[PDB]
>>> print(open('target31.cif').read())   # mmCIF, C-alpha atoms and all ligand atoms
data_work
#
loop_
_atom_site.label_atom_id
_atom_site.label_comp_id
_atom_site.auth_asym_id
_atom_site.auth_seq_id
_atom_site.Cartn_x
_atom_site.Cartn_y
_atom_site.Cartn_z
CA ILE A 345 5.21 -36.51 -141.19
CA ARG A 346 7.96 -38.90 -140.11
CA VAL A 347 8.56 -40.77 -136.84
CA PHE A 348 11.98 -42.25 -136.05
CA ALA A 349 13.51 -43.42 -132.76
CA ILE A 350 17.28 -43.90 -132.95
CA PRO A 351 18.52 -46.42 -130.36
CA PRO A 352 21.36 -45.24 -128.09
CA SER A 353 24.83 -46.04 -129.38
CA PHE A 354 27.73 -47.62 -127.50
CA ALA A 355 29.83 -44.47 -127.97
CA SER A 356 27.59 -42.61 -125.49
CA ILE A 357 27.86 -45.39 -122.88
CA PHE A 358 31.61 -45.87 -122.42
CA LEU A 359 32.27 -42.10 -122.35
CA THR A 360 29.14 -40.35 -121.05
CA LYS A 361 27.80 -43.31 -119.00
CA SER A 362 24.21 -42.09 -119.44
CA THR A 363 21.96 -43.97 -121.86
CA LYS A 364 19.00 -42.06 -123.27
CA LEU A 365 16.35 -42.81 -125.89
CA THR A 366 14.89 -40.14 -128.19
CA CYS A 367 12.13 -40.36 -130.80
CA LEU A 368 12.13 -37.79 -133.60
CA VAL A 369 8.75 -36.25 -134.45
CA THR A 370 10.09 -33.56 -136.78
CA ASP A 371 8.63 -32.54 -140.16
CA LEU A 372 5.21 -32.03 -138.55
CA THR A 373 2.76 -29.14 -138.57
CA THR A 374 3.53 -25.97 -136.59
CA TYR A 375 1.26 -26.33 -133.56
CA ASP A 376 1.68 -26.13 -129.80
CA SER A 377 0.51 -28.53 -127.04
CA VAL A 378 2.96 -31.32 -127.93
CA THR A 379 3.76 -33.74 -125.11
CA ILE A 380 6.51 -36.38 -125.23
CA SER A 381 5.73 -39.52 -123.23
CA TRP A 382 7.41 -42.92 -122.91
CA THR A 383 5.31 -45.98 -122.04
CA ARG A 384 7.07 -49.16 -120.93
CA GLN A 385 5.81 -52.75 -120.90
CA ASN A 386 5.54 -52.88 -117.09
CA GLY A 387 3.94 -49.56 -116.11
CA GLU A 388 6.74 -47.10 -115.34
CA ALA A 389 7.35 -43.59 -116.64
CA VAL A 390 10.52 -41.57 -117.32
CA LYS A 391 12.08 -38.45 -115.82
CA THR A 392 11.39 -34.84 -116.78
CA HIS A 393 12.20 -33.93 -120.39
CA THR A 394 13.44 -30.39 -121.04
CA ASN A 395 15.45 -28.36 -123.59
CA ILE A 396 13.01 -28.52 -126.50
CA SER A 397 14.07 -27.62 -130.03
CA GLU A 398 13.08 -24.64 -132.17
CA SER A 399 11.12 -24.52 -135.45
CA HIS A 400 12.68 -25.37 -138.79
CA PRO A 401 12.99 -22.63 -141.45
CA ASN A 402 10.64 -24.67 -143.68
CA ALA A 403 7.61 -23.97 -141.43
CA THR A 404 7.73 -27.32 -139.63
CA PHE A 405 7.71 -27.81 -135.87
CA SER A 406 10.36 -29.99 -134.21
CA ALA A 407 10.38 -31.58 -130.76
CA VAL A 408 12.94 -33.56 -128.76
CA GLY A 409 12.37 -35.80 -125.75
CA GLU A 410 14.63 -37.17 -123.02
CA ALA A 411 14.34 -40.50 -121.19
CA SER A 412 17.17 -41.40 -118.81
CA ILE A 413 17.32 -45.10 -117.93
CA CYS A 414 19.85 -47.54 -116.49
CA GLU A 415 22.42 -49.59 -118.38
CA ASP A 416 21.00 -52.87 -117.05
CA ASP A 417 17.51 -51.82 -118.21
CA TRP A 418 18.60 -51.96 -121.88
CA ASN A 419 20.57 -55.19 -122.39
CA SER A 420 17.92 -57.35 -120.67
CA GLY A 421 15.41 -56.82 -123.47
CA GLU A 422 13.04 -54.12 -122.23
CA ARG A 423 11.03 -52.48 -125.01
CA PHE A 424 10.19 -48.76 -124.83
CA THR A 425 7.19 -47.37 -126.72
CA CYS A 426 7.37 -43.64 -127.47
CA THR A 427 3.91 -42.16 -128.08
CA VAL A 428 3.09 -38.60 -129.18
CA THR A 429 -0.09 -36.64 -129.83
CA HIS A 430 -0.98 -33.81 -132.21
CA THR A 431 -3.96 -32.26 -133.99
CA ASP A 432 -3.67 -33.92 -137.41
CA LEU A 433 -3.43 -37.42 -135.89
CA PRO A 434 -6.66 -38.60 -134.21
CA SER A 435 -4.80 -41.55 -132.65
CA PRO A 436 -1.50 -41.28 -130.74
CA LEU A 437 1.16 -42.82 -132.96
CA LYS A 438 3.54 -45.23 -131.23
CA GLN A 439 7.06 -46.30 -132.24
CA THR A 440 8.77 -49.14 -130.38
CA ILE A 441 12.46 -50.03 -130.64
CA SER A 442 14.52 -52.89 -129.23
CA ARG A 443 17.98 -54.43 -129.39
CA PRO A 444 18.21 -57.45 -131.78
CA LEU A 449 29.94 -62.54 -128.85
CA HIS A 450 33.57 -62.61 -130.00
CA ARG A 451 36.55 -60.90 -128.39
CA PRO A 452 37.81 -57.92 -130.43
CA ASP A 453 41.26 -57.99 -132.02
CA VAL A 454 43.39 -54.84 -132.21
CA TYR A 455 46.29 -54.45 -134.65
CA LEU A 456 48.44 -51.37 -135.25
CA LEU A 457 49.77 -50.93 -138.79
CA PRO A 458 52.85 -48.69 -139.13
CA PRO A 459 52.94 -46.44 -142.21
CA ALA A 460 54.87 -47.60 -145.25
CA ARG A 461 58.27 -46.19 -146.17
CA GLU A 462 56.94 -44.65 -149.40
CA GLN A 463 54.74 -42.18 -147.50
CA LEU A 464 57.67 -40.87 -145.44
CA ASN A 465 59.71 -40.12 -148.59
CA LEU A 466 57.54 -37.09 -149.40
CA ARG A 467 58.41 -35.45 -146.03
CA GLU A 468 54.91 -33.94 -145.91
CA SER A 469 52.71 -35.91 -143.50
CA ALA A 470 52.36 -39.30 -141.81
CA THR A 471 49.27 -41.38 -141.07
CA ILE A 472 48.84 -44.08 -138.42
CA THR A 473 46.16 -46.73 -138.98
CA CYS A 474 44.95 -49.04 -136.20
CA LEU A 475 43.24 -52.08 -137.71
CA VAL A 476 40.45 -53.60 -135.59
CA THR A 477 38.82 -56.73 -137.02
CA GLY A 478 37.05 -59.84 -135.81
CA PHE A 479 34.43 -58.56 -133.36
CA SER A 480 30.67 -58.70 -132.88
CA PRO A 481 28.33 -56.87 -132.77
CA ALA A 482 28.84 -53.61 -134.69
CA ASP A 483 28.73 -49.98 -133.46
CA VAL A 484 32.10 -49.91 -131.68
CA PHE A 485 33.69 -46.64 -130.56
CA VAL A 486 37.39 -46.08 -131.28
CA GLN A 487 39.36 -43.25 -129.68
CA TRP A 488 42.97 -42.06 -129.69
CA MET A 489 45.05 -40.80 -126.77
CA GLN A 490 48.51 -39.24 -126.41
CA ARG A 491 50.27 -40.09 -123.12
CA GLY A 492 46.89 -40.36 -121.41
CA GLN A 493 45.58 -37.14 -122.97
CA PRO A 494 42.69 -37.50 -125.46
CA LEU A 495 43.15 -35.64 -128.73
CA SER A 496 40.73 -33.35 -130.52
CA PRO A 497 37.60 -35.03 -131.96
CA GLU A 498 38.33 -33.58 -135.41
CA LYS A 499 41.84 -35.09 -135.53
CA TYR A 500 40.61 -38.69 -135.90
CA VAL A 501 37.46 -40.14 -137.48
CA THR A 502 36.26 -43.69 -136.83
CA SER A 503 35.10 -45.55 -139.93
CA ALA A 504 31.61 -47.00 -140.01
CA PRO A 505 31.29 -50.73 -139.24
CA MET A 506 31.24 -53.06 -142.24
CA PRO A 507 30.55 -56.81 -142.39
CA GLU A 508 33.60 -58.99 -142.93
CA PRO A 509 33.60 -60.59 -146.41
CA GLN A 510 35.20 -63.78 -145.03
CA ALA A 511 33.72 -64.13 -141.54
CA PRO A 512 29.94 -64.69 -141.69
CA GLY A 513 29.24 -63.07 -138.33
CA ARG A 514 32.08 -60.63 -137.61
CA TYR A 515 32.76 -56.97 -138.35
CA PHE A 516 35.84 -54.82 -138.88
CA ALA A 517 36.47 -51.15 -138.07
CA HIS A 518 39.14 -48.75 -139.31
CA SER A 519 40.66 -45.71 -137.60
CA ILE A 520 43.29 -43.32 -138.97
CA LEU A 521 45.20 -40.45 -137.33
CA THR A 522 47.14 -38.13 -139.62
CA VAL A 523 50.06 -36.33 -137.96
CA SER A 524 53.17 -34.45 -139.05
CA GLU A 525 55.89 -36.36 -140.88
CA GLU A 526 58.59 -35.11 -138.49
CA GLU A 527 56.66 -36.29 -135.41
CA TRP A 528 58.36 -39.70 -135.69
CA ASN A 529 61.62 -38.26 -134.31
CA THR A 530 60.27 -39.05 -130.82
CA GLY A 531 57.03 -40.99 -131.33
CA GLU A 532 54.51 -39.30 -129.01
CA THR A 533 53.45 -42.78 -127.84
CA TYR A 534 50.32 -42.81 -130.05
CA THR A 535 48.43 -45.67 -128.43
CA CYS A 536 45.28 -47.29 -129.85
CA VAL A 537 42.53 -47.82 -127.26
CA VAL A 538 39.16 -49.40 -128.10
CA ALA A 539 36.10 -50.17 -125.98
CA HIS A 540 33.90 -53.19 -126.66
CA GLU A 541 31.14 -54.84 -124.64
CA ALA A 542 32.77 -58.29 -124.96
CA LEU A 543 35.63 -57.49 -122.55
CA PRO A 544 35.79 -57.48 -118.73
CA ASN A 545 37.67 -54.19 -118.39
CA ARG A 546 36.75 -52.93 -121.90
CA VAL A 547 40.28 -51.50 -122.18
CA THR A 548 42.71 -52.64 -124.91
CA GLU A 549 45.70 -50.29 -125.18
CA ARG A 550 48.51 -51.09 -127.63
CA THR A 551 51.58 -48.93 -128.26
CA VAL A 552 53.89 -49.04 -131.30
CA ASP A 553 56.80 -46.59 -131.19
CA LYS A 554 59.70 -46.10 -133.61
CA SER A 555 61.77 -48.75 -131.81
CA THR A 556 58.88 -51.25 -131.90
CA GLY A 557 58.63 -52.43 -135.50
CA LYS A 558 60.67 -54.33 -138.10
CA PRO A 559 64.37 -53.98 -137.20
CA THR A 560 66.84 -54.32 -140.05
CA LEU A 561 69.79 -55.57 -137.97
CA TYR A 562 70.12 -58.49 -135.55
CA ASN A 563 73.23 -59.35 -133.51
CA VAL A 564 72.62 -62.27 -131.14
CA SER A 565 75.81 -62.10 -129.05
CA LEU A 566 75.80 -65.68 -127.78
CA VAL A 567 78.67 -66.99 -125.66
CA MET A 568 79.67 -70.43 -124.39
CA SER A 569 81.53 -71.10 -121.14
CA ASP A 570 82.21 -74.16 -119.01
CA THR A 571 81.32 -72.37 -115.76
CA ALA A 572 77.96 -71.14 -117.09
CA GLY A 573 74.79 -71.48 -115.06
CA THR A 574 74.66 -68.19 -113.14
CA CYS A 575 73.32 -65.63 -115.67
CA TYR A 576 74.87 -62.53 -114.12
CA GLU B 3 69.91 -44.27 -124.42
CA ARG B 4 68.64 -47.84 -124.72
CA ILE B 5 65.83 -49.34 -122.64
CA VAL B 6 65.45 -52.89 -121.35
CA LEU B 7 62.43 -54.71 -122.78
CA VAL B 8 62.79 -58.34 -121.62
CA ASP B 9 64.97 -59.33 -118.66
CA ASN B 10 63.70 -62.84 -117.94
CA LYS B 11 66.11 -65.06 -115.99
CA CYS B 12 64.42 -68.33 -116.98
CA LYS B 13 66.09 -68.73 -120.38
CA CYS B 14 68.65 -65.98 -119.62
CA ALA B 15 67.61 -63.94 -122.66
CA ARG B 16 68.11 -60.16 -122.75
CA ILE B 17 66.09 -58.39 -125.46
CA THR B 18 66.53 -54.65 -125.98
CA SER B 19 66.52 -52.09 -128.79
CA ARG B 20 68.34 -48.82 -129.43
CA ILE B 21 67.82 -46.05 -131.99
CA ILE B 22 70.95 -44.75 -133.73
CA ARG B 23 71.00 -41.05 -134.64
CA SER B 24 72.77 -40.56 -137.97
CA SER B 25 73.96 -37.32 -139.58
CA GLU B 26 71.79 -34.79 -141.44
CA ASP B 27 70.32 -37.45 -143.75
CA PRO B 28 66.74 -38.38 -144.73
CA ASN B 29 64.62 -40.49 -142.37
CA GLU B 30 66.38 -43.81 -143.00
CA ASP B 31 67.28 -44.76 -139.43
CA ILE B 32 68.40 -48.33 -138.75
CA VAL B 33 66.53 -50.27 -136.04
CA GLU B 34 68.38 -53.01 -134.15
CA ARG B 35 67.27 -55.90 -131.94
CA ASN B 36 69.90 -56.74 -129.32
CA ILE B 37 69.66 -60.36 -128.12
CA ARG B 38 71.94 -61.85 -125.45
CA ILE B 39 71.99 -65.63 -125.00
CA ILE B 40 74.15 -67.55 -122.51
CA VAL B 41 74.60 -71.24 -123.32
CA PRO B 42 74.39 -73.35 -120.13
CA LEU B 43 76.66 -75.99 -121.72
CA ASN B 44 77.46 -77.80 -118.44
CA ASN B 45 74.02 -78.08 -116.87
CA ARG B 46 71.34 -80.70 -116.30
CA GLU B 47 67.87 -81.03 -117.81
CA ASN B 48 65.71 -81.09 -114.68
CA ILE B 49 65.90 -78.14 -112.31
CA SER B 50 66.08 -80.31 -109.15
CA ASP B 51 67.97 -83.37 -110.41
CA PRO B 52 71.76 -83.64 -110.87
CA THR B 53 71.61 -87.08 -112.55
CA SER B 54 69.90 -85.81 -115.70
CA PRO B 55 71.66 -86.26 -119.06
CA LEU B 56 73.75 -83.40 -120.39
CA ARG B 57 71.92 -80.83 -122.48
CA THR B 58 72.15 -81.31 -126.25
CA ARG B 59 69.26 -79.32 -127.78
CA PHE B 60 69.26 -75.66 -126.71
CA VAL B 61 65.85 -74.53 -127.95
CA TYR B 62 64.92 -70.89 -127.27
CA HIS B 63 61.48 -69.65 -128.33
CA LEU B 64 61.74 -65.88 -128.75
CA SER B 65 57.97 -65.61 -129.36
CA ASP B 66 57.04 -67.32 -126.06
CA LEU B 67 58.91 -65.12 -123.56
CA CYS B 68 57.37 -61.86 -124.86
CA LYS B 69 53.79 -62.65 -123.81
CA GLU B 98 58.18 -74.21 -118.09
CA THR B 99 61.62 -75.74 -117.58
CA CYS B 100 64.37 -73.13 -117.24
CA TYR B 101 67.90 -74.05 -118.30
CA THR B 102 69.92 -71.42 -116.43
CA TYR B 103 69.61 -70.98 -112.68
CA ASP B 104 68.79 -67.83 -110.70
CA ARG B 105 71.01 -66.03 -108.21
CA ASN B 106 68.08 -64.55 -106.26
CA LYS B 107 66.12 -67.83 -106.21
CA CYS B 108 67.05 -70.80 -104.02
CA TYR B 109 67.06 -74.38 -105.30
CA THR B 110 66.61 -77.31 -102.91
CA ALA B 111 66.69 -81.09 -103.28
CA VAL B 112 66.21 -84.16 -101.10
CA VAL B 113 68.51 -87.20 -101.18
CA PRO B 114 68.12 -90.31 -98.98
CA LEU B 115 71.14 -90.59 -96.69
CA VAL B 116 71.77 -93.16 -93.96
CA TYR B 117 74.69 -92.07 -91.72
CA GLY B 118 74.22 -95.20 -89.63
CA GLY B 119 70.97 -97.15 -89.53
CA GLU B 120 68.19 -94.57 -89.82
CA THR B 121 67.32 -93.31 -93.31
CA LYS B 122 66.80 -89.55 -92.97
CA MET B 123 65.68 -87.20 -95.75
CA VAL B 124 67.36 -83.81 -95.27
CA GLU B 125 66.91 -80.79 -97.55
CA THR B 126 69.99 -80.02 -99.65
CA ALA B 127 71.02 -77.00 -101.73
CA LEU B 128 72.15 -76.39 -105.31
CA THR B 129 73.62 -72.88 -105.50
CA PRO B 130 75.76 -71.11 -102.88
CA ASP B 131 74.97 -67.77 -101.19
CA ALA B 132 71.35 -68.00 -102.36
CA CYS B 133 69.48 -69.96 -99.65
CA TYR B 134 70.43 -68.18 -96.41
CA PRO B 135 67.27 -67.29 -94.43
CA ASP B 136 66.75 -63.70 -93.35
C1 LIG A 601 61.92 -83.13 -112.42
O1 LIG A 601 61.24 -81.87 -112.54
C2 LIG A 601 59.93 -81.86 -111.96
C3 LIG A 601 59.33 -80.51 -112.26
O2 LIG A 601 59.04 -80.36 -113.64
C4 LIG A 601 60.02 -82.16 -110.47
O3 LIG A 601 58.71 -82.22 -109.92
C5 LIG A 601 58.62 -81.38 -108.75
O4 LIG A 601 59.87 -80.73 -108.45
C6 LIG A 601 59.81 -79.87 -107.31
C7 LIG A 601 61.17 -79.21 -107.19
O5 LIG A 601 61.47 -78.89 -105.84
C8 LIG A 601 59.43 -80.67 -106.07
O6 LIG A 601 59.30 -79.78 -104.96
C9 LIG A 601 58.11 -81.40 -106.30
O7 LIG A 601 57.82 -82.24 -105.19
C10 LIG A 601 58.19 -82.24 -107.57
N1 LIG A 601 56.91 -82.89 -107.83
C11 LIG A 601 56.79 -84.18 -108.14
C12 LIG A 601 55.40 -84.68 -108.38
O8 LIG A 601 57.77 -84.92 -108.23
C13 LIG A 601 60.75 -83.48 -110.24
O9 LIG A 601 60.94 -83.70 -108.84
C14 LIG A 601 62.10 -83.48 -110.95
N2 LIG A 601 62.76 -84.77 -110.80
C15 LIG A 601 63.53 -85.07 -109.75
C16 LIG A 601 64.13 -86.45 -109.76
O10 LIG A 601 63.74 -84.28 -108.84
#
>>> encode(input="target31.cif", output="structure tokens", more="lines below")
Ligand SMILES: *[C@@H]1O[C@H](CO)[C@@H](O[C@@H]2O[C@H](CO)[C@@H](O)[C@H](O)[C@H]2NC(C)=O)[C@H](O)[C@H]1NC(C)=O
Amino acid sequence: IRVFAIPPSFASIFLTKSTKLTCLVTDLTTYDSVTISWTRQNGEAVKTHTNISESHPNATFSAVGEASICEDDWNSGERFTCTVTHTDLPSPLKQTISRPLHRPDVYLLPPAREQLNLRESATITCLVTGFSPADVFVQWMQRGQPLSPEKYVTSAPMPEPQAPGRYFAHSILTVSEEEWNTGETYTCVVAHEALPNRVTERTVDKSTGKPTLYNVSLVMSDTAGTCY
Amino acid sequence: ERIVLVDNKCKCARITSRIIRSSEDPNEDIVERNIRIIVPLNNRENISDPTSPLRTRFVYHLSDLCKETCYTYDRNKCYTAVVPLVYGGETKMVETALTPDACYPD
């Protein structure tokens, strides 16, 4: 018998725009008459919860509940208490959860020249460091078209060894080695709660990088001052 | 082939890049950074003052225009100044001009 209530993540807010809390009551006995109820601290209920789960192969019953709330009803500090009832528990067990800033910095790191020598594949890493709190969603787009979810995986947040209260996130996108002939834009867009628009798009193409030749064609003339 | 990145007329700096397509060789393309700078030479310090000392230090911050006194002028922007003239006994303050064919009202 285990009771866990995972708080909603930020990845389901910027994309789906529908926050929802769910408390897991799995690994229980196989019995019917299980009701999922959410009790607030002010005396309000939640909407109808449907689409229940099936039974595990290990002879344990599983249930899933839905509770649709508003975005403003989560950052203020409202605490939700999920209570369930069963036959083995004389008292309804309750599990309450709650939520315990710096502007994010986005940097795009071009791949090294040693990787392109193999003529096999190329990887693009977008370094995002110096932000708080954790649980930030990173996505990749190509000319305004989102890519497949399995093409890029966002690394889990990790505390910064130097900064005492900041976190860093990594994101890689492996593509073909010959794709650099054009560039395919390959922007890096991140969404964080510490921004007004929550949109930070940066583009680094083949032309944008470390050029190996500079020719500043400067001229001097007495009649200068027009800049044709 | 090439695209224009920065075309600011304040410092008269033109920044652009172009990719050169070589022969059937490995991916070792050379990236260039074209910069065009026009030295004002015979121009004043202040934008609306012709008595300023001649320019001596031509400082151009390339990291500040890719994000203020401007040395070169602008053809599409008018520049005006006021000088106290007499022409008799009454001291009027008319509005003058600095560059030709750039201040005609529509
Ligand atoms: C020196 O430059 C400054 C600007 O950095 C001038 O200050 C303003 O210039 C504009 C230009 O048309 C005038 O419209 C404003 O009235 C000026 N403001 C002030 C407070 O002066 C300044 O006038 C320039 N010096 C001279 C002698 O023209």
>>> residues_around(input="target31.cif", residues="stretch 19-36 of chain B", least_positions_apart="5", cutoff="6 Å", atoms="all atoms listed in the file", output="PyMOL selection string")
(chain A and resi 559-563) or (chain B and resi 4)
>>> closest_atom_pairs(input="target31.cif", of="chain B", to="ligand LIG 601 (chain A)", cutoff="6 Å", atoms="only C-alpha atoms and all ligand atoms", output="tab-separated table")
residue	atom	partner	partner_atom	distance
B:48	CA	A:LIG601	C1	4.9
B:49	CA	A:LIG601	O1	6.0
B:50	CA	A:LIG601	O10	4.6
B:51	CA	A:LIG601	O10	4.6
>>> closest_atom_pairs(input="target31.cif", of="chain A", to="chain B", cutoff="8 Å", atoms="all atoms listed in the file", output="tab-separated table")
residue	atom	partner	partner_atom	distance
A:464	CA	B:29	CA	7.6
A:465	CA	B:29	CA	7.9
A:555	CA	B:19	CA	6.5
A:558	CA	B:33	CA	7.4
A:559	CA	B:33	CA	4.4
A:560	CA	B:33	CA	5.7
A:561	CA	B:34	CA	4.8
A:562	CA	B:35	CA	5.3
A:563	CA	B:36	CA	6.0
A:564	CA	B:37	CA	4.6
A:565	CA	B:38	CA	5.3
A:566	CA	B:39	CA	4.7
A:567	CA	B:40	CA	5.5
A:568	CA	B:41	CA	5.2
A:569	CA	B:43	CA	6.9
A:570	CA	B:44	CA	6.0
A:571	CA	B:44	CA	7.2
A:572	CA	B:42	CA	5.2
A:573	CA	B:102	CA	5.1
A:574	CA	B:103	CA	5.8
A:575	CA	B:14	CA	6.1
A:576	CA	B:105	CA	7.9
>>> atom_distance(input="target31.cif", atom1="atom CA of residue B:99", atom2="atom CA of residue B:132")
19.7 Å
>>> closest_residue(input="target31.cif", among="B:57, B:62, B:69, B:52", to="residue B:8", atoms="only C-alpha atoms")
B:69
>>> residues_near_point(input="target31.cif", point="(7.9, -43.0, -115.9)", cutoff="12 Å", atoms="all atoms listed in the file", output="VMD selection string")
chain A and resid 380 to 393 410 to 413 424 to 426
>>> write_last_selection(input="target31.cif", atoms="C-alpha atoms", output="PDB file, in the coordinates of the input")
ATOM      1  CA  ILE A 380       6.510 -36.380-125.230  1.00  0.00           C
ATOM      2  CA  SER A 381       5.730 -39.520-123.230  1.00  0.00           C
ATOM      3  CA  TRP A 382       7.410 -42.920-122.910  1.00  0.00           C
ATOM      4  CA  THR A 383       5.310 -45.980-122.040  1.00  0.00           C
ATOM      5  CA  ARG A 384       7.070 -49.160-120.930  1.00  0.00           C
ATOM      6  CA  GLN A 385       5.810 -52.750-120.900  1.00  0.00           C
ATOM      7  CA  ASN A 386       5.540 -52.880-117.090  1.00  0.00           C
ATOM      8  CA  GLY A 387       3.940 -49.560-116.110  1.00  0.00           C
ATOM      9  CA  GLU A 388       6.740 -47.100-115.340  1.00  0.00           C
ATOM     10  CA  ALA A 389       7.350 -43.590-116.640  1.00  0.00           C
ATOM     11  CA  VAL A 390      10.520 -41.570-117.320  1.00  0.00           C
ATOM     12  CA  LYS A 391      12.080 -38.450-115.820  1.00  0.00           C
ATOM     13  CA  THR A 392      11.390 -34.840-116.780  1.00  0.00           C
ATOM     14  CA  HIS A 393      12.200 -33.930-120.390  1.00  0.00           C
ATOM     15  CA  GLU A 410      14.630 -37.170-123.020  1.00  0.00           C
ATOM     16  CA  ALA A 411      14.340 -40.500-121.190  1.00  0.00           C
ATOM     17  CA  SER A 412      17.170 -41.400-118.810  1.00  0.00           C
ATOM     18  CA  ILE A 413      17.320 -45.100-117.930  1.00  0.00           C
ATOM     19  CA  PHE A 424      10.190 -48.760-124.830  1.00  0.00           C
ATOM     20  CA  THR A 425       7.190 -47.370-126.720  1.00  0.00           C
ATOM     21  CA  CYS A 426       7.370 -43.640-127.470  1.00  0.00           C
TER      22      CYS A 426
END
>>> residues_around(input="target31.cif", residues="residue A:361", least_positions_apart="3", cutoff="12 Å", atoms="all atoms listed in the file", output="PDB file with C-alpha atoms, in the coordinates of the input")
ATOM      1  CA  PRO A 352      21.360 -45.240-128.090  1.00  0.00           C
ATOM      2  CA  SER A 353      24.830 -46.040-129.380  1.00  0.00           C
ATOM      3  CA  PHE A 354      27.730 -47.620-127.500  1.00  0.00           C
ATOM      4  CA  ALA A 355      29.830 -44.470-127.970  1.00  0.00           C
ATOM      5  CA  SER A 356      27.590 -42.610-125.490  1.00  0.00           C
ATOM      6  CA  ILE A 357      27.860 -45.390-122.880  1.00  0.00           C
ATOM      7  CA  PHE A 358      31.610 -45.870-122.420  1.00  0.00           C
ATOM      8  CA  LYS A 364      19.000 -42.060-123.270  1.00  0.00           C
ATOM      9  CA  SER A 412      17.170 -41.400-118.810  1.00  0.00           C
ATOM     10  CA  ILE A 413      17.320 -45.100-117.930  1.00  0.00           C
ATOM     11  CA  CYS A 414      19.850 -47.540-116.490  1.00  0.00           C
ATOM     12  CA  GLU A 415      22.420 -49.590-118.380  1.00  0.00           C
ATOM     13  CA  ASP A 416      21.000 -52.870-117.050  1.00  0.00           C
TER      14      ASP A 416
END
>>> atom_distance(input="target31.cif", atom1="atom CA of residue A:471", atom2="atom CA of residue A:553")
13.5 Å
>>> atom_distance(input="target31.cif", atom1="atom CA of residue B:109", atom2="atom CA of residue B:127")
5.9 Å
>>> residues_near_point(input="target31.cif", point="(42.6, -47.9, -123.7)", cutoff="6 Å", atoms="all atoms listed in the file", output="ChimeraX atom specification")
/A:537-538,547-549
>>> closest_residue(input="target31.cif", among="B:108, B:61, B:56, B:47", to="residue B:135", atoms="only C-alpha atoms")
B:108
>>> axis_aligned_box(input="target31.cif", around="stretch 34-44 of chain B", padding_each_side="6 Å", output="lines of an AutoDock Vina configuration file")
center_x = 72.4
center_y = -65.4
center_z = -126.3
size_x = 22.2
size_y = 36.8
size_z = 27.7
>>> residues_around(input="target31.cif", residues="stretch 475-483 of chain A", least_positions_apart="2", cutoff="9 Å", atoms="all atoms listed in the file", output="PyMOL selection string")
chain A and resi 353-355+449-457+473+485+504-508+511+513-520+538+540-542
>>> decode(input="target31.cif", residues="stretch 23-32 of chain B", atoms="N, CA, C and O atoms", output="PDB file, in the first residue's frame")
ATOM      1  N   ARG B  23      31.379  28.416 -51.471  1.00  0.00           N
ATOM      2  CA  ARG B  23      31.236  27.010 -51.835  1.00  0.00           C
ATOM      3  C   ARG B  23      32.485  26.576 -52.593  1.00  0.00           C
ATOM      4  O   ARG B  23      32.728  27.030 -53.717  1.00  0.00           O
ATOM      5  N   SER B  24      33.272  25.698 -51.980  1.00  0.00           N
ATOM      6  CA  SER B  24      34.507  25.214 -52.580  1.00  0.00           C
ATOM      7  C   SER B  24      34.203  24.033 -53.502  1.00  0.00           C
ATOM      8  O   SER B  24      33.047  23.738 -53.819  1.00  0.00           O
ATOM      9  N   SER B  25      35.249  23.339 -53.940  1.00  0.00           N
ATOM     10  CA  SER B  25      35.106  22.187 -54.820  1.00  0.00           C
ATOM     11  C   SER B  25      34.712  20.961 -53.995  1.00  0.00           C
ATOM     12  O   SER B  25      34.344  21.061 -52.822  1.00  0.00           O
ATOM     13  N   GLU B  26      34.789  19.781 -54.608  1.00  0.00           N
ATOM     14  CA  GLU B  26      34.404  18.547 -53.934  1.00  0.00           C
ATOM     15  C   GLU B  26      35.432  18.166 -52.875  1.00  0.00           C
ATOM     16  O   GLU B  26      36.168  17.187 -53.035  1.00  0.00           O
ATOM     17  N   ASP B  27      35.485  18.935 -51.796  1.00  0.00           N
ATOM     18  CA  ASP B  27      36.414  18.748 -50.696  1.00  0.00           C
ATOM     19  C   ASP B  27      35.646  18.515 -49.401  1.00  0.00           C
ATOM     20  O   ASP B  27      34.449  18.815 -49.316  1.00  0.00           O
ATOM     21  N   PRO B  28      36.301  17.949 -48.375  1.00  0.00           N
ATOM     22  CA  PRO B  28      35.645  17.792 -47.067  1.00  0.00           C
ATOM     23  C   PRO B  28      35.067  19.090 -46.519  1.00  0.00           C
ATOM     24  O   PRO B  28      35.360  20.180 -47.024  1.00  0.00           O
ATOM     25  N   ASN B  29      34.256  18.984 -45.466  1.00  0.00           N
ATOM     26  CA  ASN B  29      33.550  20.134 -44.904  1.00  0.00           C
ATOM     27  C   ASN B  29      34.540  21.010 -44.142  1.00  0.00           C
ATOM     28  O   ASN B  29      34.661  20.960 -42.915  1.00  0.00           O
ATOM     29  N   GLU B  30      35.262  21.835 -44.895  1.00  0.00           N
ATOM     30  CA  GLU B  30      36.227  22.785 -44.354  1.00  0.00           C
ATOM     31  C   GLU B  30      35.979  24.175 -44.924  1.00  0.00           C
ATOM     32  O   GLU B  30      36.910  24.889 -45.307  1.00  0.00           O
ATOM     33  N   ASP B  31      34.712  24.576 -44.984  1.00  0.00           N
ATOM     34  CA  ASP B  31      34.350  25.868 -45.548  1.00  0.00           C
ATOM     35  C   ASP B  31      34.898  27.008 -44.697  1.00  0.00           C
ATOM     36  O   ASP B  31      35.019  26.901 -43.474  1.00  0.00           O
ATOM     37  N   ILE B  32      35.231  28.110 -45.363  1.00  0.00           N
ATOM     38  CA  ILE B  32      35.794  29.290 -44.716  1.00  0.00           C
ATOM     39  C   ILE B  32      34.686  30.316 -44.527  1.00  0.00           C
ATOM     40  O   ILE B  32      33.993  30.679 -45.486  1.00  0.00           O
TER      41      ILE B  32
END
